[PDB]
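**Student:**
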Amino acid sequence: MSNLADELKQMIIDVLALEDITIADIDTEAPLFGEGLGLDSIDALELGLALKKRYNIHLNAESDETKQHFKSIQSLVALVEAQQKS
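The deposited numbering applies: residue 1 is where the sequence shown begins, and numbers increase by one.
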(Lines of atoms letter the chains of each structure in order from A and count residues from 1; the text may use other names and numbers.)
(Lines give C-alpha, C1' and ligand atoms only; values in the text may rest on other atoms or scores of the structure.)
Protein backbone atom coordinates (compact mmCIF):
# COMPACT_ATOMS: atom_id res chain seq x y z
CA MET A 1 0.00 0.00 0.00
CA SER A 2 1.20 3.51 -0.85
CA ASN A 3 1.56 6.35 1.67
CA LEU A 4 -1.37 8.05 -0.12
CA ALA A 5 -3.88 6.29 2.17
CA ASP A 6 -2.29 8.05 5.15
CA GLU A 7 -2.35 11.32 3.20
CA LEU A 8 -6.01 10.81 2.30
CA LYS A 9 -6.93 9.81 5.86
CA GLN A 10 -5.12 12.86 7.18
CA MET A 11 -6.57 15.02 4.41
CA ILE A 12 -10.05 13.71 5.17
CA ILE A 13 -9.55 14.01 8.93
CA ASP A 14 -7.99 17.46 8.49
CA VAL A 15 -10.53 18.70 5.92
CA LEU A 16 -13.48 17.41 8.01
CA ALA A 17 -11.71 18.55 11.21
CA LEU A 18 -12.59 15.30 13.00
CA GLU A 19 -12.10 15.48 16.78
CA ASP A 20 -9.89 12.95 18.58
CA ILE A 21 -9.42 11.21 15.20
CA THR A 22 -6.16 10.56 13.35
CA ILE A 23 -5.13 8.49 10.32
CA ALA A 24 -4.46 5.61 12.75
CA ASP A 25 -7.99 5.73 14.20
CA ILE A 26 -9.64 5.40 10.76
CA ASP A 27 -9.02 2.27 8.67
CA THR A 28 -8.25 2.75 4.97
CA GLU A 29 -11.31 0.65 4.07
CA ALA A 30 -13.40 2.26 6.88
CA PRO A 31 -16.74 3.64 5.38
CA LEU A 32 -16.59 7.45 5.12
CA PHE A 33 -20.39 7.67 4.72
CA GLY A 34 -21.05 4.77 7.13
CA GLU A 35 -20.24 3.98 10.76
CA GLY A 36 -16.87 5.75 10.46
CA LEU A 37 -16.97 9.47 9.61
CA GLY A 38 -20.62 9.30 8.52
CA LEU A 39 -20.03 12.15 6.06
CA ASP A 40 -22.81 13.70 3.98
CA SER A 41 -22.99 14.56 0.27
CA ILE A 42 -22.10 18.16 1.13
CA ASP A 43 -18.93 16.86 2.83
CA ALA A 44 -18.13 14.74 -0.25
CA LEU A 45 -18.13 17.91 -2.37
CA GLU A 46 -15.89 19.69 0.15
CA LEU A 47 -13.53 16.72 0.29
CA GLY A 48 -13.65 16.10 -3.45
CA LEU A 49 -13.13 19.79 -4.09
CA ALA A 50 -10.22 19.80 -1.63
CA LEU A 51 -8.89 16.71 -3.41
CA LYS A 52 -9.36 18.55 -6.67
CA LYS A 53 -7.31 21.48 -5.34
CA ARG A 54 -4.65 19.17 -3.84
CA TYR A 55 -4.05 16.89 -6.87
CA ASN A 56 -6.30 18.31 -9.64
CA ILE A 57 -8.48 15.21 -9.21
CA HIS A 58 -11.45 15.42 -11.56
CA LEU A 59 -13.97 13.64 -9.36
CA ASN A 60 -17.74 13.87 -9.78
CA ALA A 61 -18.81 13.90 -6.12
CA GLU A 62 -22.37 14.48 -7.31
CA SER A 63 -22.03 11.36 -9.49
CA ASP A 64 -22.42 7.96 -7.86
CA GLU A 65 -19.19 6.87 -9.62
CA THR A 66 -17.23 9.17 -7.32
CA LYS A 67 -19.36 7.90 -4.43
CA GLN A 68 -18.26 4.39 -5.47
CA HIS A 69 -14.61 5.46 -5.11
CA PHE A 70 -15.42 7.52 -1.97
CA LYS A 71 -16.66 4.46 -0.03
CA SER A 72 -13.35 4.41 1.87
CA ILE A 73 -9.79 5.73 1.70
CA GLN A 74 -8.76 2.47 -0.01
CA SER A 75 -10.99 3.49 -2.94
CA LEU A 76 -9.87 7.14 -2.73
CA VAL A 77 -6.29 5.94 -2.93
CA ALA A 78 -7.27 4.01 -6.06
CA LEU A 79 -8.61 7.25 -7.59
CA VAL A 80 -6.06 9.82 -6.39
CA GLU A 81 -3.09 7.38 -6.60
CA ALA A 82 -4.24 6.41 -10.09
CA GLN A 83 -3.87 10.05 -11.10
CA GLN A 84 -0.57 10.32 -9.17
CA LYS A 85 1.01 7.77 -11.51
CA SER A 86 2.49 9.08 -14.77
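All residues carry an ideal CB built from backbone N, CA and C; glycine is no exception.
Check the C-beta distance from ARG54 over to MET11 and give it rounded, since I have them as a contact under 8 angstroms.
**Tutor:** 7 angstroms
**Student:** Are the region 3–18 and the region 40–54 touching, with three or more C-beta to C-beta distances below 8 angstroms?
**Tutor:** yes
**Student:** Where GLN83 and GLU35 are concerned, what is the direct C-alpha to C-alpha distance, given to the nearest angstrom?
**Tutor:** 28 angstroms
**Student:** Considering Cα atoms alone, identify which of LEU79, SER72 and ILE73 is closest to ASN60.
**Tutor:** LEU79
**Student:** What three-state label does DSSP hand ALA82 in the structure shown?
**Tutor:** helix
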